[PDB]
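Undergrad: Structure in structure tokens, see below.
Backbone-built Cβ (ideal geometry, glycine too); neighbour counts: all protein chains shown. Readers should treat all values here as calculations from the given coordinates under stated rules, not as data from a laboratory.
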Amino acid sequence: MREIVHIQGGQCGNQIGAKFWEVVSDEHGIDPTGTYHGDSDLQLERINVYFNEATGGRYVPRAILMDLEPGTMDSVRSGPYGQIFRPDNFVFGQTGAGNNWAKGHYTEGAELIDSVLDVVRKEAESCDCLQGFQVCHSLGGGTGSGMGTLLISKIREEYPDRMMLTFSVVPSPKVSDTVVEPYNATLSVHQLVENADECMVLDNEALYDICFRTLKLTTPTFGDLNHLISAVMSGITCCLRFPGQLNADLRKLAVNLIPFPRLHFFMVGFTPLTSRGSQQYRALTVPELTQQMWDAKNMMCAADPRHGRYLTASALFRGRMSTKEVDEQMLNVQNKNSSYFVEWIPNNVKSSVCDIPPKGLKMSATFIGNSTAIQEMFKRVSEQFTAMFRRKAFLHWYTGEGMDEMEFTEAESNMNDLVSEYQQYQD
Amino acid sequence: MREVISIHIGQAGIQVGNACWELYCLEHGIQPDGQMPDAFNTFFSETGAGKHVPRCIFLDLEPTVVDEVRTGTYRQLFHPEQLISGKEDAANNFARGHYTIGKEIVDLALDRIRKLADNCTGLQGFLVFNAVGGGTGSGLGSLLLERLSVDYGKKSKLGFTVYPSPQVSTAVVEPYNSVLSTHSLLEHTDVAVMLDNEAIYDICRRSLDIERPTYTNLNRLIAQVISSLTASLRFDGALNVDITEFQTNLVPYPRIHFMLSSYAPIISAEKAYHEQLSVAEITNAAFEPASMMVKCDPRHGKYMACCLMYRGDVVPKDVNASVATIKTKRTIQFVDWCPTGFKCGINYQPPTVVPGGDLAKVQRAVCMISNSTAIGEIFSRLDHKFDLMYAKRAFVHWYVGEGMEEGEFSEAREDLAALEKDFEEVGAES
Amino acid sequence: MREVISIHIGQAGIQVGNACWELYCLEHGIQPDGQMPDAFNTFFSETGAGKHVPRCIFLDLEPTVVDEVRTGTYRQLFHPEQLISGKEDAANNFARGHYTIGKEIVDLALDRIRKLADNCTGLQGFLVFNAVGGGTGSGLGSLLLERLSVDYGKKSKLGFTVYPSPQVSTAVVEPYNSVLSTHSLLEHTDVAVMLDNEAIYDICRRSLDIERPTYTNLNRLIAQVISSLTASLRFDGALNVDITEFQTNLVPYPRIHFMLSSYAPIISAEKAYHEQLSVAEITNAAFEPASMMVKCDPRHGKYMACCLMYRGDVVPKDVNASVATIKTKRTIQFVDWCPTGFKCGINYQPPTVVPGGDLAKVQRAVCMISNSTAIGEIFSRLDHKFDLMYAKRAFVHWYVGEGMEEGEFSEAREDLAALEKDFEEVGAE
Amino acid sequence: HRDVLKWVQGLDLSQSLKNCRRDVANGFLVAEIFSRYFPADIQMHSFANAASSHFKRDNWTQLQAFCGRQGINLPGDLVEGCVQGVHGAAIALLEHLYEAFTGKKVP
Amino acid sequence: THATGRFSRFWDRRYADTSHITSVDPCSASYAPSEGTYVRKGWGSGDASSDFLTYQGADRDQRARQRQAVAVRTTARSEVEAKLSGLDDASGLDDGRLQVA
Ligand SMILES: Nc1nc2c(ncn2[C@@H]2O[C@H](COP(=O)(O)OP(=O)(O)OP(=O)(O)O)[C@@H](O)[C@H]2O)c(=O)[nH]1
Ligand SMILES: Nc1nc2c(ncn2[C@@H]2O[C@H](COP(=O)(O)OP(=O)(O)OP(=O)(O)O)[C@@H](O)[C@H]2O)c(=O)[nH]1
Ligand SMILES: Nc1nc2c(ncn2[C@@H]2O[C@H](COP(=O)(O)OP(=O)(O)O)[C@@H](O)[C@H]2O)c(=O)[nH]1
Ligand SMILES: [Mg+2]
Ligand SMILES: [Mg+2]
């Protein structure tokens, strides 16, 4: 009865979360019509964490689909598992952000903030106890980056006690869909540090890297990334939705991970990823999950964790697993390479187990890791931002919408501030 | 009559007690529905006609572990409103369990304790099951034990507190919570029985030859400790011991009330045909440092006082023969000011085996609960652990903002520090 | 559990491994699709239900031999990720296999080693297969064994290196690669079992009467030597000889780890019917220089250590009757400071016969691995080849341009010269 | 040397020296020495005479903790050398303790 | 039929079936046939407890099978050993030589 309200923003946010609602409804047994057809009573024990009951046995998601253009709202609706969502929660604009952070934040997004804050307030009051708010968006766009983070700022003034899960993807250097992409990233991270309780960082160049060397997919389509992120979001809330030998809520993972308020950026890797050729040749055991989970290639951020020491770590295990075998693997990975673990935080890893694995898997795991190696990705965004800003490149689209250059310098002054506080724990 | 009210705090309190109440129903023949198909009076209440309700409460701030008891096999056993649920978990936060969200649910907690203590004619003691590493076990367990001291004066309370381990732990903010809970159980708990998870992992690895033990395997033989210690109230024996006599024989000073636990015959079904369980054999096995349930070695310290709970076919003649052999052993020593340390209790009923369990059919058993100065080093393992944690102030913003002031971290620190000076001074040669 | 990892480097490594893994799957009853229709744990790691995968890596810069395994009769046996292939081969160049195109494939090689190492509980050693005459087997074999010593300390490595022959060689720059590769295996390999293609050619001509042999015939009876070497771990016997047993009984000094090889009963079925294979008759064939697998004369040197691996119906008495008569025979010669130089190992399983192999059904077998001072006569011939070769400095611009400095040819020359000096003085009375 | 050989004989420990590098490896002899110089602080009853690595580490950890509490200093590198059985570490620890307990001079 | 006109023309490539990247082969070690996934921790029921702790039953049965196989192999080897050690001077050797002479 700990409810989570999901908010999706933009092209990236809607496409990620539409795949996310496909997985959690498949795990809970909701058909595309909306009824229930699961085999066990465990799917109805905690159905209310993501679904509001409706008349006739239909279950509707607690999802607030949000965009500044109407094209992507029809994209989620037209696809499978698209009729579950309430049409009242489909808040949309007409013009489009145009990859402009100022249009999302100040000029054009402000006409929709009062509209989306009403349906957030309607969904929070409907449920009994708020575990927190789940938001999925991008940082290189204009809708999920600009208009998304002001929703994060507004929802924290109204609800300063509940949690904030931001599955925000960060712009990458190698894959660069947008040329003002470092501009929208630095402005969004400035609004993300002072508002969000915890942030999970994903990069598309790492999701491509997972899809190439681990999954061995020849043509990774654009929805294959979102299913990897769907397994991420299904793993974080596994202890809320299901019983466990050792439960772990969103608040429990937050306190165990961040030692200080500003160190709230993590990187996530879904553990049992196997290629179809290698599926018959890999044996799933508790130690066999640990070697893939701590592998640097498995993590969905571009930052290599071998460069910086792990500050804290979190393990979310699902399946029939032995707790001695679960947690002795955590002391093996802390003793074998103690140079990659920080010293003044002893026993860095938080481990929790669930007895209900995902559909079709005997065993699964999900990793949340707070590390000082994540500063390397913010350096690349800060390096690109400082390159463009000194020439005042592309600024007339930004300064023409009411955003002065003073807050552009303040955003960079917070960018190296987060890098500096990361860096002084690497020594 | 005689009765005990067993309160179970936190997730570890529920799961340990869920294996406990499995064992008590098989002990007295009570079916899971509660219908019997006079020794049951201590743990079970005879209600109406052919129905037994346990004298326990299951309180936890997280609803997901308490409804498992509601949905599970023992649904008809418990009173439905006797299992107290909460809106949201303490989430490993001592300040949340003690100040923020633990204050709202503890008002209902004392209400059912008043209802349970009124039902029993003569209340003998309180069994407190919690883990001080978590938010609910430490935070809510602190204020509940504090409120039990003012609501019931002089009434005995037993603390079976699962404690953080040196090598292995499931969380990061556990040394913060355990230090803060150490002050709470120092003055409130009358007899605190330490338990450590790595030692009970080690017992099942060699004695029960399971190379992958789980929490289900730990709590079944933790339940064997609670049943054996409380068997004297239920069943007749040669030398019965009550809770009131248990405290006066094992607690020499009011602030030294920490115990180590050992259960002697831990034998699988295959081994039991060849293993020999003499009275001297299990007494030798109980005092072996590998058989302890606390990750602690008694050779470093001195055994200040000891208790032996003999179950099954044990004559009072040969229990004293095993006592003399332990007292003449060079590796095991007592303190100089305690010439008679063993305080032995003998019961006439052999321990039962749970269906699907791993322990074998065993005639005679020993539950050794002893006070030692070696306990001072498990408090020093997290004295140094928490000091470097607090040295540059990690995870304090979580605890400061949830009601607790900064100075309460210091107050729990010299509580542990003056605790350390107390064991070395008491165990010192005089 | 006793459990080993096999590493096959280069064109010779893959083709020997194809014949080797053909024999181990037949020993345990493993069908090629991977299903058995308890001793397999040393070579096959069981994965869940009804599947056994080899504990091997087939790494080569040459892509054509790696995908031959991927499309042959054993596609379903091997793990596809363990099969490592490269873009271009080292092409007979020690410089290329070590420095230029060896670095980008050795990082993926150790990564698959890490996954194999932590999966196996008790690792006994590494059975490395390479050829010092080629580019990849010498070059990448050097770089891999550099990393195995740093990453895995004090852990045994068994080397079955194909060494060039004095009369015959399939390449011209083999004296360059073999001299450079010897320093890599001198400081890093714990057991070096020499193999020579010309000697196994001469074994095939007279024993099996197969006077036009191929590389497939050579690798099949090499596989009988490797399997009988490790047959003590797999199956129960009178005298179990573990991997760590071989080093402590056959190397007397750390820098001396080169051993001859022999397999005594090598006969055809038209020859097996007339021949009465006795334990004494078999053991006399093992010590024969004709049955030695290196083109060398054991009579020139002196037998410093020995090891006997008996398989099949071998009573533990008749092996001692064979050891006693061998010691009395004066045509062999043991060194004066090793009065007891025999290590006998008896296994209770007769060797399997591969369908289509030249070997016939034998109730007894002996795998001979003996340390001798005659190996100093092996390196002396190739030292003369390289000294003539390097003197006018030909086929050097290929090595110099691909990263290697000129002085590394010189430094590898006194390494063999010091190896010549040590082998002379150790066997000296 | 002769001074520390006379010194260890005067303590009248149960363990005989013989090969002292292997003898003091388990920590029993140095534990006995520390028990003799501090009877109230350290007793022989808190020490198990065994060649096991875990028991050796436990005994040397007890010695390190109590000497750090009491101010007596011996090198941790020398402790590591003694528990690994390297040559000369036991001898060097013997003369270091000889100087540390009661002050004399080494030649 | 619930498709907007712009998305219905390329509905096939857009959504497809992306479940294969986490779904496994049914005839593989990773597969669970939707029966052991939704197990409940069994306290009162011994068979339910064994089903929840089936890995303990699994490795116990593995050890039992290994010791049974070693027992079978050692009994066969002992039979061959007894047959081979039964040969002595009282066995049927040299009798044909004596009869011929
Ligand atoms: N013996 C035993 N110990 C357990 C069990 N489950 C959890 N623990 C212990 O509990 C500790 C985890 O913190 P908990 O006390 O469980 O926290 P909680 O009870 O869930 O309370 P919250 O903080 O509100 O979530 C671990 O260090 C374990 O040692 C169990 O089933 N048996
Ligand atoms: N016994 C045996 N030796 C072989 C076989 N194939 C090649 N060799 C030996 O290997 C030597 C040449 O090196 P190769 O292994 O063929 O090639 P390589 O080591 O992989 O070097 P590159 O081809 O450049 O990658 C020759 O002198 C042969 O004696 C084989 O199938 N069996
Ligand atoms: N992983 C993933 N990334 C996406 C997806 N859709 C968009 N993106 C990323 O989002 C970035 C651009 O986002 P954009 O369309 O401008 O977001 P918007 O402005 O909120 O509509 C690109 O770099 C893409 O890599 C998706 O479905 N999955
Ligand atoms: Mg809890
Ligand atoms: Mg090649």
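Undergrad: Would you pick out the residues in region C:284-340 that are more than 22 Å from C:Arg220 (Cα to Cα) and among the hydroxyl-bearing types (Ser, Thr, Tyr)? It would help to see each step written out before you state the result.
TA: The initial filter retains those residues of region C:284-340 that are more than 22 Å from C:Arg220 (Cα to Cα), namely C:284, C:297-306, C:313-340.
Across region C:284-340, the qualifying residues are C:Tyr303, C:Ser322, C:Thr325, C:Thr328, C:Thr331, C:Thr340.
Undergrad: Among the residues of region B:145-165, is any within 11 Å of chain A (Cβ to nearest Cβ), under 19 Å from the mean Cα position of the chain (by Cα) and more than 16 Å from ligand 2 (Cβ to nearest atom)?
TA: Step one: filter region B:145-165 for residues within 11 Å of chain A (Cβ to nearest Cβ), giving B:164-165.
Adding the requirement that they be under 19 Å from the mean Cα position of the chain (by Cα) leaves B:164-165.
Filter again for more than 16 Å from ligand 2 (Cβ to nearest atom), leaving B:164-165.
Looking for residues that are within 11 Å of chain A (Cβ to nearest Cβ), under 19 Å from the mean Cα position of the chain (by Cα) and more than 16 Å from ligand 2 (Cβ to nearest atom), one finds at least one in region B:145-165, hence yes.
Undergrad: State yes or no: is B:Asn130 within 14 Å of ligand 1 (Cβ to nearest atom) and in a strand (DSSP E or B)?
TA: Working: within 14 Å of ligand 1 (Cβ to nearest atom): yes; in a strand (DSSP E or B): yes.
Yes; evaluated as a whole, the condition is true for this residue.
Undergrad: Any residue in region B:109-122 that is among the acidic types (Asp, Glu), away from ligand 2 (no atom under 16 Å from the Cβ) and closer than 22 Å to B:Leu180 by Cβ?
TA: No; the residues of region B:109-122 include none that is among the acidic types (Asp, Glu), away from ligand 2 (no atom under 16 Å from the Cβ) and closer than 22 Å to B:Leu180 by Cβ.
Undergrad: Please pick out the residue among E:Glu79, E:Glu35 that is under 30 Å from B:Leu77 (Cα atoms) and loosely packed, with under 12 Cβ neighbours inside 10 Å.
TA: E:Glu35
Undergrad: If you take the residues of region B:213-238 that are charged (D, E, K, R) and part of a helix (DSSP H, G or I), which of them is farthest from the other protein chains (Cβ to nearest Cβ)?
TA: At the first step, the residues of region B:213-238 found to be charged (D, E, K, R) are B:220, B:234, B:236.
Among the residues that remain, those that are also part of a helix (DSSP H, G or I) are: B:220, B:234.
Details: B:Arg220: 9, B:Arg234: 20 Å.
Across region B:213-238, the extreme among qualifying residues is B:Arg234.
Undergrad: Ok, one more. Hey, does region A:368-380 have a residue that's within 14 Å of chain E (Cβ to nearest Cβ), within 19 Å of A:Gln329 (Cα to Cα), in a strand (DSSP E or B) and out of contact with any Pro (no Cβ under 8 Å at 6 or more places or on another chain)? Full working, then the answer.
TA: Step one: list which residues in region A:368-380 are within 14 Å of chain E (Cβ to nearest Cβ), which gives none.
Looking for residues that are within 14 Å of chain E (Cβ to nearest Cβ), within 19 Å of A:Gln329 (Cα to Cα), in a strand (DSSP E or B) and out of contact with any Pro (no Cβ under 8 Å at 6 or more places or on another chain), one finds none in region A:368-380, hence no.
Undergrad: Here's a follow-up. Return the residues of region B:355-368 that are surrounded by 22 or more Cβ atoms within 10 Å (Cβ to Cβ) and either in contact with a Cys (Cβ under 6 Å, 6 or more places away or on another chain) or over 23 Å from B:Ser322 (Cα atoms) (or both); say none if nothing qualifies.
TA: B:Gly357, B:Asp358, B:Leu359 - these are the residues of region B:355-368 that are surrounded by 22 or more Cβ atoms within 10 Å (Cβ to Cβ) and either in contact with a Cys (Cβ under 6 Å, 6 or more places away or on another chain) or over 23 Å from B:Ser322 (Cα atoms) (or both).
Undergrad: Further, regarding this structure: Hey, does region C:17-27 have a residue that's within 21 Å of C:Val353 (Cα to Cα), within 16 Å of ligand 5 (Cβ to nearest atom) and either more than 14 Å from every other protein chain (Cβ to nearest Cβ) or part of a helix (DSSP H, G or I) (or both)?
TA: Yes: one or more hits.
Undergrad: Follow-up question, since we're still on this one. What helices (runs of 4 or more DSSP H) completely inside chain E contain at least 2 residues that are polar (S, T, N, Q) and facing another protein chain (nearest Cβ under 8 Å)?
TA: Numbers: elements: E:5-8, E:11-14, E:46-52, E:54-85, E:95-100.
Ranges flagged: E:46-52, E:54-85.
Undergrad: Output the qualifying pairs, or none if there are none: Cβ atoms under 7 angstrom, residues six or more apart or on different chains, first residue in region A:323-346 and away from chain B (no Cβ under 12 Å) and of a type outside the set (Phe, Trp, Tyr), second residue surrounded by 15 or more Cβ atoms within 10 Å (Cβ to Cβ) and assigned to a helix (DSSP H, G or I).
TA: From region A:323-346, the pairs are A:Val333/A:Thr290.
Undergrad: Can you say whether B:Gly34 is away from ligand 4 (no atom under 16 Å from the Cβ), at positive phi and in contact with a strand residue (DSSP E or B) (Cβ under 9 Å, 6 or more places away or on another chain), as far as the supplied structure shows?
TA: Working: away from ligand 4 (no atom under 16 Å from the Cβ): yes; at positive phi: yes; in contact with a strand residue (DSSP E or B) (Cβ under 9 Å, 6 or more places away or on another chain): yes.
Considered against the rule, which asks whether it is away from ligand 4 (no atom under 16 Å from the Cβ), at positive phi and in contact with a strand residue (DSSP E or B) (Cβ under 9 Å, 6 or more places away or on another chain), B:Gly34 comes out as yes.
Undergrad: Still on this model: Which one of these does A:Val381 not meet: (1) aliphatic (A, V, I, L, M); (2) under 24 Å from A:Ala231 (Cβ atoms); (3) within 24 Å of the chain's Cα centre (by Cα)?
TA: It is condition (2) that A:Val381 fails.
Undergrad: Whether any residue in region A:111-121 is away from ligand 1 (no atom under 16 Å from the Cβ) and not in a helix (DSSP H, G or I) is what I want to check.
TA: No, the conditions are met nowhere in region A:111-121.
Undergrad: Can you tell me how many residues in region C:300-347 are farther than 16 Å from C:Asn371 by Cβ, touching a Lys or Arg at 6+ places or on another chain (Cβ under 7 Å) and hydrophobic (A, V, I, L, M, F, W, C)?
TA: 1
Undergrad: How many of the residues making up region A:143-190 are assigned to a helix (DSSP H, G or I) and acidic (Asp, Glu)? So that I can check it myself, show each step before the final result.
TA: Within region A:143-190, the first condition is being assigned to a helix (DSSP H, G or I), and the residues that meet it are A:143-158, A:181-190.
From what's left, acidic (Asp, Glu): A:157-158, A:181.
The number of residues fulfilling the criteria is 3.
Undergrad: Testing C:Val173 on (1) touching a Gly at 6+ places or on another chain (Cβ under 6 Å); (2) of a type outside the set (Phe, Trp, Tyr); (3) within 16 Å of ligand 5 (Cβ to nearest atom), one condition comes back false. Which one is that?
TA: Tallying (1) touching a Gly at 6+ places or on another chain (Cβ under 6 Å); (2) of a type outside the set (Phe, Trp, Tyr); (3) within 16 Å of ligand 5 (Cβ to nearest atom), C:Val173 fails exactly one: (1).
Undergrad: If you take the residues of region C:57-110 that are hydroxyl-bearing (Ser, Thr, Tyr) and within 14 Å of chain A (Cβ to nearest Cβ), which of them is farthest from ligand 3 (Cβ to nearest atom)? Full working, then the answer.
TA: Step one: of region C:57-110, the residues hydroxyl-bearing (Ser, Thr, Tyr) are C:64, C:71, C:73-74, C:85, C:99-100.
After this cut, where a residue has to be within 14 Å of chain A (Cβ to nearest Cβ) as well, the list is C:71, C:74.
Values: C:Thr71: 36, C:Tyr74: 39 Å.
That would be C:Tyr74.
Undergrad: Right, another one. Can you run down the residue pairs with Cβ atoms below 8 Å, 6 or more apart or on separate chains, where the first is in region D:11-33 and at positive phi and the partner is of a type in the set (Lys, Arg) and surrounded by 12 or more Cβ atoms within 10 Å (Cβ to Cβ)?
TA: D:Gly27/D:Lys56
Undergrad: Out of all the residues in region A:184-206, which are more than 21 Å from A:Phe260 (Cβ to Cβ) and surrounded by fewer than 22 Cβ atoms within 10 Å (Cβ to Cβ)?
TA: Result: A:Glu205, single match.
Undergrad: Within the bounds of region B:400-410, is there any residue that is within 14 Å of chain E (Cβ to nearest Cβ) and at positive phi?
TA: No; the residues of region B:400-410 include none that is within 14 Å of chain E (Cβ to nearest Cβ) and at positive phi.
Undergrad: How many residues does region C:133-170 hold that are assigned to a helix (DSSP H, G or I) and either among the aromatic types (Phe, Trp, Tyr) or away from ligand 5 (no atom under 16 Å from the Cβ) (or both)? Steps first, answer last, please.
TA: Narrowing region C:133-170 to residues assigned to a helix (DSSP H, G or I): C:135-151.
Filter once more, so that each one left must be either among the aromatic types (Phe, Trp, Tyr) or away from ligand 5 (no atom under 16 Å from the Cβ) (or both): C:145-151.
Of the residues in that region, 7 qualify.
Undergrad: Determine whether C:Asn92 is under 22 Å from the mean Cα position of the chain (by Cα), within 16 Å of ligand 2 (Cβ to nearest atom), of a type in the set (S, T, N, Q) and assigned to a strand (DSSP E or B).
TA: On the way: under 22 Å from the mean Cα position of the chain (by Cα): yes; within 16 Å of ligand 2 (Cβ to nearest atom): yes; of a type in the set (S, T, N, Q): yes; assigned to a strand (DSSP E or B): no.
Judged against the criteria, C:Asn92 is not a match.
Undergrad: Inspect all residues belonging to region B:258-272 and state whether any of them is over 17 Å from the mean Cα position of the chain (by Cα) and in a helix (DSSP H, G or I).
TA: yes
Undergrad: Being of a type outside the set (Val, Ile, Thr) and in contact with a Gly (Cβ under 9 Å, 6 or more places away or on another chain), is that true of even one residue in region C:378-390?
TA: Pass one, region C:378-390, residues of a type outside the set (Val, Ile, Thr): C:379-390.
Applying the additional criterion that residues be in contact with a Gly (Cβ under 9 Å, 6 or more places away or on another chain) yields none.
Scanning region C:378-390, I find no residue that is of a type outside the set (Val, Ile, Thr) and in contact with a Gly (Cβ under 9 Å, 6 or more places away or on another chain), so the answer is no.
Undergrad: Given the criteria within 14 Å of chain E (Cβ to nearest Cβ), near ligand 3 (Cβ under 8 Å from one of its atoms), aliphatic (A, V, I, L, M) and under 18 Å from the mean Cα position of the chain (by Cα), does A:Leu225 qualify?
TA: Considered against the rule, which asks whether it is within 14 Å of chain E (Cβ to nearest Cβ), near ligand 3 (Cβ under 8 Å from one of its atoms), aliphatic (A, V, I, L, M) and under 18 Å from the mean Cα position of the chain (by Cα), A:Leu225 comes out as yes.
Undergrad: Looking at B:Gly141, is it within 14 Å of chain A (Cβ to nearest Cβ), of a type outside the set (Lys, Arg) and more than 16 Å from ligand 3 (Cβ to nearest atom)? Outline the logic, then answer.
TA: Working: within 14 Å of chain A (Cβ to nearest Cβ): no; of a type outside the set (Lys, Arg): yes; more than 16 Å from ligand 3 (Cβ to nearest atom): yes.
Here the answer is no, as B:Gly141 does not meet what is asked.
Undergrad: For region A:198-208, state whether one or more residues are within 14 Å of chain B (Cβ to nearest Cβ) and closer than 24 Å to A:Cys354 by Cα. Talk me through it step by step, then tell me what you get.
TA: First pass over region A:198-208, keeping only residues within 14 Å of chain B (Cβ to nearest Cβ): A:198.
From what's left, closer than 24 Å to A:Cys354 by Cα: A:198.
Taking every residue of region A:198-208 in turn, at least one turns out to be within 14 Å of chain B (Cβ to nearest Cβ) and closer than 24 Å to A:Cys354 by Cα.
Undergrad: Could I ask something else about it? For region A:131-139, state whether one or more residues are outside any strand (DSSP E or B), more than 14 Å from chain B (Cβ to nearest Cβ) and either touching a helix residue (DSSP H, G or I) at 6+ places or on another chain (Cβ under 9 Å) or within 16 Å of ligand 1 (Cβ to nearest atom) (or both).
TA: The initial filter retains those residues of region A:131-139 that are outside any strand (DSSP E or B), namely A:139.
Checking which are more than 14 Å from chain B (Cβ to nearest Cβ) leaves us with A:139.
Within this subset, residues satisfying the condition of being either touching a helix residue (DSSP H, G or I) at 6+ places or on another chain (Cβ under 9 Å) or within 16 Å of ligand 1 (Cβ to nearest atom) (or both) are A:139.
Among the residues of region A:131-139, at least one is outside any strand (DSSP E or B), more than 14 Å from chain B (Cβ to nearest Cβ) and either touching a helix residue (DSSP H, G or I) at 6+ places or on another chain (Cβ under 9 Å) or within 16 Å of ligand 1 (Cβ to nearest atom) (or both), which makes the answer yes.
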